[PDB]
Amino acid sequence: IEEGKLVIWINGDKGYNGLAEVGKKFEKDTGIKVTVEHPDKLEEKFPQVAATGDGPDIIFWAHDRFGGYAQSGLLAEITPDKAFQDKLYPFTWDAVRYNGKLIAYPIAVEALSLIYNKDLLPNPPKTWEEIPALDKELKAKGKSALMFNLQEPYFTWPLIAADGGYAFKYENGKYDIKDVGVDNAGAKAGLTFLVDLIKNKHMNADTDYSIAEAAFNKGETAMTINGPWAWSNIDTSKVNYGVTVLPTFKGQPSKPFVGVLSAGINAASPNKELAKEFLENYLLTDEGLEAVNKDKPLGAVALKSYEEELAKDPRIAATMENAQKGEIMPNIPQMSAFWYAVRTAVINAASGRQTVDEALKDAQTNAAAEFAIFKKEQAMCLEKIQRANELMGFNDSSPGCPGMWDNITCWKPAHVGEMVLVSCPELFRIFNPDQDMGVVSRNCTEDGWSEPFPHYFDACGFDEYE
């Protein structure tokens, strides 16, 4: 944003108040102010606003998004000295290395665990297969066995990958974009098992993060699946909780993705030197990380000295046990297509819009082949919005709802009270050869843009011509 000031974005689930405390120490010593914000959907927001030169100076996200940011050139190469590099674990530096260059500072290693209420379930299940019978028993006490976020595929991935699902195949040191493991026997069985839990009313398809959290933290469900950041709210709730290895599926460990929370510096920030100093000399210290960790736990931190200090925490131990059974996320630019593909597949199979076999058949192609469409359409969208904003100027107009790219298609700026129609985008043709007949709308209201009507898959994904 502005010279002589640091703006930082970080997810609203993380220790942002803790990070702001490090910010306050920074400005006390340097005179240079630090504002920490937690925009919704910042990982997508970032490439849009950072592409126009207006991001934060620093963005925090798991490392999987950073190769895409790097490729788009939205990230400054970082310059830590040999002394500093030695203070963090090699494995965490690898997570932020892209085409041979370091593109962010690693902060902490995250993996999902099984979090369970010890009073409801003193001996938690070792197997996913045991869960339906546990739920039946608990429901007779007005309690349920398990609730977790079903809207974000990050949370369902451990079960999909358990019996052999994978994202991109890694062989001979590189990811093969064409070899996507979301549609093999293991992945199918995993997603089928999830869909059966919903069918049998052990879970509801619409369950999201805040719903699952609220249910666990009020003592209503015996288990959830969540990361280290969630432990602080559970502490506040006084639930007697344990954090443990995820259940097995078909005898195999669940295989969560491992993320390294990382901090990248905007390539357009004028304050790259200030950004460096904050990250290297304030945040990545025992004291900086303690401040953040005490707000919302980070997991296993990248800084060796502090990771050693924390290592006996049994909840971190469980985290590390689940991470060892899991796999590091790729950081390749195509991970954005992978996550689109699998989120679509899980939401569709869970809601009955597609069968599991069709959902996954399509996701395998979409993970491999959709990124180029996304990139083309995103770039065309930014151009259309620029043109539209210019014409609003020429017409003495102002946008009721701003022009935006929503990862699927382009919405021109609109007046309050105006509906906008767009053609179904080419993206949906894999589902529907007649997607070119489809139309999707949004309404520009006093409360901003409405959600798409119909929902995108309903509008665009079912072949409407037999």
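From 1 onward, residues are counted along the sequence shown.
- Where do the C-alpha atoms have the higher mean temperature factor in this entry, in 238-246 or in 132-140? Looking at the record's C-alpha B-factors, the answer is 132-140.
- Query: Which has higher Cα B-factors on average according to the PDB entry: 360-368 or 264-272?
  - Reply: Between 264-272 and 360-368, it is 264-272.
- Hey, out of 72, 324, 117, 127, whose CA B-factor is highest in the deposited coordinates? By C-alpha B-factor in the record, 72 ranks first.
- Message: Among 414, 51, 421, 424, where is the Cα B factor highest in this entry?
- Response: Answer for 414, 51, 421, 424: 51, with the highest C-alpha B-factor.
- Task: Using the B-factor values recorded in the entry, state whether the Cα atom of residue 352 falls in the lowest, middle or highest third among the modelled residues of its chain.
- Result: Its C-alpha B-factor belongs to the middle third of this chain's values.
- Task: Could you look up the Cα B-factor of residue 174 in the entry and say which third of the chain it sits in: lowest, middle or highest?
- Result: Ranked within chain, residue 174 CA B lands in the highest tercile.
- Ranked against its chain, the third holding the CA B-factor of residue 211: Ranked within chain, residue 211 CA B lands in the middle tercile.
- Task: Looking at the entry's B-factor column for C-alpha atoms only, identify whether residue 44 ranks in the lowest, middle or highest third of its chain.
- Result: Answer is highest: the recorded C-alpha B-factor places it there.
- Message: Please say which third, lowest, middle or highest, residue 445 falls into when its CA temperature factor is compared across its chain.
- Response: As the PDB entry reports it, the C-alpha B-factor of residue 445 lands in the middle third of its chain.
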